[PDB]
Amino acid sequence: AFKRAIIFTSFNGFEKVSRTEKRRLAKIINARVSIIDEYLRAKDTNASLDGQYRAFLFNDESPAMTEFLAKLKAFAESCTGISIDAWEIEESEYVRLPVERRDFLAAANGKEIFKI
């Protein structure tokens, strides 16, 4: 079945996240990004990563979704000031939501996977 991994990354705490933590996050993200979903591309910056939702399309018949989620979670767990919250939502429900604030709404409307 088609699903979206909804991911929300936020920089908690004033003990700023290092530039290399940002780089590591942007790389885990960009591993899933292709020309199909070029908009999802991440940079190692506040503007690109802090308080941003990203919605990653998966066919869950593939082990890919779980591998991706596993990497993000392990990564957040190694960090002190990068919080990651993850939800799943079925694609048929996702594409039915409004375009405006879609991912925020998918996050309110989906099943929560984890929050670190």
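We number the residues from 1 along the sequence you see.
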### Summary
Going by the entry, of stretches 6-14 and 98-106 the one with greater average Cα B-factor is 6-14
### Highest-ranked of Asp85, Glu88, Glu91, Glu61 once sorted by CA temperature factor in the record
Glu61
### Query
Going by what the PDB entry lists, where does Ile113 fall on CA B-factor within its chain: lowest, middle or highest third?
lowest
#### Entry: Ranked C-alpha temperature factor of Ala47 among modelled chain residues, by third
middle
### Ranked C-alpha temperature factor of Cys79 among modelled chain residues, by third
highest
### Task
Sort the modelled residues of this chain by their C-alpha B factor and say whether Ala31 lands in the lowest, middle or highest third.
highest
## Note on the structure
For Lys71, the third of its chain by CA B-factor is the middle
